[PDB]
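So the protein sequences, as listed, match chains B and A.
Under the authors' numbering, the residue at position 30 of the first sequence is numbered 56, and the numbers go up by one with no gaps.
Under the authors' numbering, the residue at position 184 of the second sequence is numbered 210, and the numbers go up by one with no gaps.
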Amino acid sequence: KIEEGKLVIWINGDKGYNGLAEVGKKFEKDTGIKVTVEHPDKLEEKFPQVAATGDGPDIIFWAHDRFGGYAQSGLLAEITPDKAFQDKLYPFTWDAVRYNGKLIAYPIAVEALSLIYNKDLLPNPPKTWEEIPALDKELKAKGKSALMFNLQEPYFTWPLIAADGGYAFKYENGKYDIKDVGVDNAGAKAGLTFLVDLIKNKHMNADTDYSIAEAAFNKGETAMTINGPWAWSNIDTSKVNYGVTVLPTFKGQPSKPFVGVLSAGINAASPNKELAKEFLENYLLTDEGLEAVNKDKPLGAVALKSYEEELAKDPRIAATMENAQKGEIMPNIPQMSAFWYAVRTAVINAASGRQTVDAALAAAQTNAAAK
Amino acid sequence: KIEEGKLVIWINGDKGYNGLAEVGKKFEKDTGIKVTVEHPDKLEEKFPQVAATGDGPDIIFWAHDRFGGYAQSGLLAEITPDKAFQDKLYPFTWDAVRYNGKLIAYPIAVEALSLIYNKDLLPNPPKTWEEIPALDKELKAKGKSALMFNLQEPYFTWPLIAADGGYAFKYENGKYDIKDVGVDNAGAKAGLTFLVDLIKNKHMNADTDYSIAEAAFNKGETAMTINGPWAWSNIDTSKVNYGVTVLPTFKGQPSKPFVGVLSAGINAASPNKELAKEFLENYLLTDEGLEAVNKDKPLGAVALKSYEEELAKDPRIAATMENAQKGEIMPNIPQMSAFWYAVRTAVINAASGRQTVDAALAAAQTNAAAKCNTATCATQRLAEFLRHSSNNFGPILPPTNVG
Ligand SMILES: OC[C@H]1O[C@H](O[C@H]2[C@H](O)[C@@H](O)[C@@H](O)O[C@@H]2CO)[C@H](O)[C@@H](O)[C@@H]1O
Numbered sequence: 027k028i029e030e031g032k033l034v035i036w037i038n039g040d041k042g043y044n045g046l047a048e049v050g051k052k053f054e055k056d057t058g059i060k061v062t063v064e065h066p067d068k069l070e071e072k073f074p075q076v077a078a079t080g081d082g083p084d085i086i087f088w089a090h091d092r093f094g095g096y097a098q099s100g101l102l103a104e105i106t107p108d109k110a111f112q113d114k115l116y117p118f119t120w121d122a123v124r125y126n127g128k129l130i131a132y133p134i135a136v137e138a139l140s141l142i143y144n145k146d147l148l149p150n151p152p153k154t155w156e157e158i159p160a161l162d163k164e165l166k167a168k169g170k171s172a173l174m175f176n177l178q179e180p181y182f183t184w185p186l187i188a189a190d191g192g193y194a195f196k197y198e199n200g201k202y203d204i205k206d207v208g209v210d211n212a213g214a215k216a217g218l219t220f221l222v223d224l225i226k227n228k229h230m231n232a233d234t235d236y237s238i239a240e241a242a243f244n245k246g247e248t249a250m251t252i253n254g255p256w257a258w259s260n261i262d263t264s265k266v267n268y269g270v271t272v273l274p275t276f277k278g279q280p281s282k283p284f285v286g287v288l289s290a291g292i293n294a295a296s297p298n299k300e301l302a303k304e305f306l307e308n309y310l311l312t313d314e315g316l317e318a319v320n321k322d323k324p325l326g327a328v329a330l331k332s333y334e335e336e337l338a339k340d341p342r343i344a345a346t347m348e349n350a351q352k353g354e355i356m357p358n359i360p361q362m363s364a365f366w367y368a369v370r371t372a373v374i375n376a377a378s379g380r381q382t383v384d385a386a387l388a389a390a391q392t393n394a395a396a397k
Numbered sequence: 027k028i029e030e031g032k033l034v035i036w037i038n039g040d041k042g043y044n045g046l047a048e049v050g051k052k053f054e055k056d057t058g059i060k061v062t063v064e065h066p067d068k069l070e071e072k073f074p075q076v077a078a079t080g081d082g083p084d085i086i087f088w089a090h091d092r093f094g095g096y097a098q099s100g101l102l103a104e105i106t107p108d109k110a111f112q113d114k115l116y117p118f119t120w121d122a123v124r125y126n127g128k129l130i131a132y133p134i135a136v137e138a139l140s141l142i143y144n145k146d147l148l149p150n151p152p153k154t155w156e157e158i159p160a161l162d163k164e165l166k167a168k169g170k171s172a173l174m175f176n177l178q179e180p181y182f183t184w185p186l187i188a189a190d191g192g193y194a195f196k197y198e199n200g201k202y203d204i205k206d207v208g209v210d211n212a213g214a215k216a217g218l219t220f221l222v223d224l225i226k227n228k229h230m231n232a233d234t235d236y237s238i239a240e241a242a243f244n245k246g247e248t249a250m251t252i253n254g255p256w257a258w259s260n261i262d263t264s265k266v267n268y269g270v271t272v273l274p275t276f277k278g279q280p281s282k283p284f285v286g287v288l289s290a291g292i293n294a295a296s297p298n299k300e301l302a303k304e305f306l307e308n309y310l311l312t313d314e315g316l317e318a319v320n321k322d323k324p325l326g327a328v329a330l331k332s333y334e335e336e337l338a339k340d341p342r343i344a345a346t347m348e349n350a351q352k353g354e355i356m357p358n359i360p361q362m363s364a365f366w367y368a369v370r371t372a373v374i375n376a377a378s379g380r381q382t383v384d385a386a387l388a389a390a391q392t393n394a395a396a397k398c399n400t401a402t403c404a405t406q407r408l409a410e411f412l413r414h415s416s417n418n419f420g421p422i423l424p425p426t427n428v429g
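Structure below.
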């Protein structure tokens, strides 16, 4: 049986299992729990045999595809990494370890075939499969051949077969169910009710608009406001000891703000398309260009890598980045417009007693879904 | 309308439009095309109204959430940035401007609401929403109020609404369709016909297996081969000057290799599930962890963004990761077993001439797509299975190695 207070790990005998023992070691050091790394023969065959009885390793390392049957046989626990951790890994890897919508393993490595060419014999490798016969007829003249690879395993021949539209099984990509809208479920009620309770007790005030908030906070007239980076500069100019922290919790759950990516689109009816492409690529989305905008109003965590690695040292950006990981990125589907529209008049009517919280959110559901 | 040889730019009123205007200065100093930076009210409702007529700005600035609606209205042009430029921007910011497969804008910055407070008025910031009633009563006497944010835009009120269960549209994760298998469709028949043609024209030999191609390449007999990271070590000690690049395209489209993702799963019967979680997330899936494994034996490309950026660099890994991203993830569904032995027979029969390309792939197709569940169709699949169940069971001597 699996021993509590200790980690046993299985991994194939052709992997860097000694280096893994090193890692399990630094772990045993800092926490005082031994980590043994083993590599049994036929481990892909042995694991489901013993893990069914309650035995086996705590962690097992194998190619992701074999994990589907493991999860089918109830041998793998569902994996619970936060959004902060999932960002660290590539998104397609998380798809390789999803079975029945649940994450069942941590991806480690990525494997794929490549074209390997002889620099001496072929310093300019071909870019199209079509130009290999011509290259071969030429290379055959010097007693050589252009291409030789394993033809007896479909793992090696599939890249060519799959190029023009072959596939094993069709994978339906991710999407938003525009018929499953959640603006009148229990959680949405508790939130909006709480906000409308904050005005039934005079703690807030209904027609408080954007400018009233900026003025009142930048006059030491209120203890806190909620806003994004663009409004930081005017609080510098107001000389106020402002801090930027994580949003408060509601019912022990963090506030989930919608995350926007400021974006620049080129109009389709513009005759000056290339000049706009030149302005954004070579003047704005540059280290010097983004700084020009950022010193007017703070941009946030920019998309350009170079400049972001500099602004990331700002503790308030890392606070903004922290709050972004607690929230969701916004969809870009056309129905986003009807959602914002509906929720807007829901919050207002509920906030001014024009409609009850329940009735306002109820009307918001239909308007977000059918329009 | 919009006139040629200028740029009209619309950004929102609360952004840094003066600083953006100065970027139009430098654009007009060097490129001297006039740049007018505007900021109308209700900017995102105004843009599709005028751009439908052919009016509006040249460039429009907003959060990504509106651009798909603009795109479905036929108002935005497809963004055509080259590969060199795409690597300067974070890959997930591009995701925000992808719509129906195409990019429709340039990502600029990530925006998120935060709680900002008044240190000299409040020492420690609160942690719960349910405790501001106390802070407010404690404060209304001292002179002022606690919270005051914009209640006219739902963008500001939403973080609280979503906290306990509110959401816009439930994200339904992607999955496979076991009814839709494509081993005998036009694309597969095209690529396989091309492969068999190489054999017919004696550019390749249908008997070539793994060990032949490795020797022929590691001895300078053939210019190229197709292999994985596991085979690099043998090419090293062969003293062949080899490079590893992207796979050749066919019919203008990239070759799609199967992608294998080495993964660490936690035993469902483990009593140490968080110890495993702490070990994998905080110790192994770091730069130091993967490097310790990679130094013992190469992982190839890794799934950790931070350590993969450093690993390639190595052009062999950069190509391995690029071919992977262009390829097909191995499906983890039980039907893959049929695909594996049916396609294997399919390719061999076609390259050897026993079956036409069309007929070989059609045979593997019905083996992987059930569809028909009458006894005639089921016993046919039963019969084909019992023959790909090769009966060895005897000892393999010497055993496949380990040490
Ligand atoms: O409130 C609805 C509104 O929310 C978002 O707009 C944000 C925008 O992302 C920020 O850059 C800043 O301007 O604050 C705005 C809220 O007033 C959505 O982007 C927008 O589509 C939506 O209408």
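Backbone N, C-alpha and C define an ideal beta-carbon position, used for all residues, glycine too.
Closer than 7 angstroms at the beta carbon, the chain A residues around residue i
{"i": "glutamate 48 (chain B)", "result": "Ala318"}
{"i": "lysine 397 (chain B)", "result": "Residues of chain A passing the Cβ test: none, with the nearest at roughly 11 angstroms."}
{"i": "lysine 52 (chain B)", "result": "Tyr309"}
{"i": "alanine 350 (chain B)", "result": "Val136, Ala138"}
{"i": "residue 4 (chain B)", "result": "Residue 4 (chain B) lies beyond the range of chain B shown here (27 to 397); nothing can be said about it."}
{"i": "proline 107 (chain B)", "result": "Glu307"}
{"i": "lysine 201 (chain B)", "result": "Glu198"}
6 angstroms Cβ shell around residue i - same chain, five flanking residues per side excluded
{"i": "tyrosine 132 (chain B)", "result": "none"}
{"i": "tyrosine 125 (chain B)", "result": "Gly94, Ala97"}
{"i": "residue 509 (chain A)", "result": "Residue numbering for chain A in the displayed model covers 27 to 429; residue 509 (chain A) lies beyond these limits and cannot be assessed."}
{"i": "residue 436 (chain A)", "result": "Any answer about residue 436 (chain A) is impossible in this case: the structure gives chain A only from 27 up to 429."}
{"i": "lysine 72 (chain A)", "result": "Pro66"}
{"i": "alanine 368 (chain B)", "result": "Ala390, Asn393, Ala394"}
Within 7 angstroms, strictly: CB atoms of residue i and residue j
{"i": "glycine 200 (chain A)", "j": "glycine 200 (chain B)", "result": "yes"}
{"i": "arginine 407 (chain A)", "j": "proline 180 (chain B)", "result": "no"}
{"i": "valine 209 (chain A)", "j": "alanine 390 (chain A)", "result": "yes"}
{"i": "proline 185 (chain A)", "j": "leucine 139 (chain A)", "result": "yes"}
{"i": "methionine 174 (chain B)", "j": "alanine 257 (chain A)", "result": "no"}
{"i": "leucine 218 (chain A)", "j": "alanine 376 (chain A)", "result": "yes"}
{"i": "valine 136 (chain B)", "j": "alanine 232 (chain A)", "result": "no"}
{"i": "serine 171 (chain B)", "j": "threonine 248 (chain A)", "result": "yes"}
Proximity test, residue i beta-carbon vs ligand 3 heavy atom, cut-off 6 angstroms
{"i": "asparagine 38 (chain A)", "result": "This structure does not include ligand 3; its bound ligands are ligand 1."}
Neighbouring residues, chain B, relative to residue i (Cβ below 7 angstroms)
{"i": "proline 180 (chain A)", "result": "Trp366, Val369, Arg370, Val373"}
{"i": "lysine 282 (chain A)", "result": "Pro185, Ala188, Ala189"}
{"i": "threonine 382 (chain A)", "result": "Per Cβ cutoff of 7 angstroms: no residues; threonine 382 (chain A) is ~15 angstroms from chain B at best."}
Close Cβ partners of residue i (< 7 angstroms) along its chain, the five nearest in sequence each way excluded
{"i": "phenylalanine 284 (chain A)", "result": "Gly353, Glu354, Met356"}
{"i": "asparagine 244 (chain A)", "result": "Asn260, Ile261, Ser264, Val266"}
{"i": "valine 63 (chain A)", "result": "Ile35, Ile37, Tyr43, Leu46, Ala47, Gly50"}
Residue from the options with nearest C-alpha to residue i
{"i": "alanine 394 (chain A)", "options": "A:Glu410, A:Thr402, A:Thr400", "result": "A:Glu410"}
{"i": "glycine 278 (chain B)", "options": "A:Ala89, A:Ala188, A:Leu161", "result": "A:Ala188"}
{"i": "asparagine 349 (chain B)", "options": "B:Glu54, B:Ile59, B:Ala110", "result": "B:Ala110"}
{"i": "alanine 216 (chain B)", "options": "B:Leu129, B:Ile37, B:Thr62, B:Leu387", "result": "B:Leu387"}
{"i": "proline 425 (chain A)", "options": "B:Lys52, B:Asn211, B:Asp67", "result": "B:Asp67"}
{"i": "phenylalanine 276 (chain A)", "options": "B:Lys52, B:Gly82, B:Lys153, B:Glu334", "result": "B:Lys153"}
{"i": "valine 373 (chain B)", "options": "A:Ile204, A:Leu161, A:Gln178", "result": "A:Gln178"}
{"i": "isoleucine 85 (chain B)", "options": "A:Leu288, A:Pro151, A:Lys60", "result": "A:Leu288"}
{"i": "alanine 103 (chain B)", "options": "A:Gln361, A:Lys32, A:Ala295, A:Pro74", "result": "A:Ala295"}
{"i": "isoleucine 343 (chain B)", "options": "B:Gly269, B:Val383, B:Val123", "result": "B:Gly269"}
{"i": "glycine 58 (chain A)", "options": "B:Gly82, B:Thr251, B:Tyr309, B:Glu240", "result": "B:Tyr309"}
Chain A residues whose Cβ lies nearer than 9 angstroms to that of residue i
{"i": "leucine 69 (chain B)", "result": "Correct list: empty, because the minimum Cβ distance to chain A is about 11 angstroms."}
{"i": "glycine 42 (chain B)", "result": "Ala318, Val319, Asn320, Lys321, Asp322, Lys323, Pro324, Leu325"}
Residues that residue i contacts on chain B, provided the C-beta gap is smaller than 8 angstroms
{"i": "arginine 407 (chain A)", "result": "Going along chain B, no residue has its Cβ under 8 angstroms from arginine 407 (chain A), so there is no contact; the nearest lies around 17 angstroms."}
{"i": "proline 360 (chain A)", "result": "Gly94, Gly95, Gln98"}
Residues of its chain near residue i, where Cβ-Cβ distance is below 8 angstroms and the 5 sequence neighbours each way are ignored
{"i": "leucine 101 (chain B)", "result": "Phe73, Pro74, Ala77, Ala78"}
{"i": "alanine 327 (chain B)", "result": "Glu334, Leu337, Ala338, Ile343, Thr346, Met347, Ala350"}
Under 8 angstroms, CB to CB, which of the residues in the stretch 233 to 252 of chain B have a partner in chain A?
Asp233, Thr234, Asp235, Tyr236, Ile238, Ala239, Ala242, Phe243, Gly246, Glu247, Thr248, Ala249, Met250, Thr251, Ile252
When Cβ atoms are compared, which residues of the stretch 204 to 223 of chain B fall closer than 7 angstroms to chain A?
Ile204, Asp206, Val207, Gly208, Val209, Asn211, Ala212, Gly213, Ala214, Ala216, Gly217, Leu218, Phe220, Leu221
Can you give me, in chain order, the residues of the stretch 143 to 167 of chain A that have a beta carbon less than 9 angstroms from any beta carbon in chain B?
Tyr143, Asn144, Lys145, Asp146, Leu147, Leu148, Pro151, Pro152, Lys153, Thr154, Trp155, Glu156, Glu157, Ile158, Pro159, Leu161, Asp162, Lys163, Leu165, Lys166
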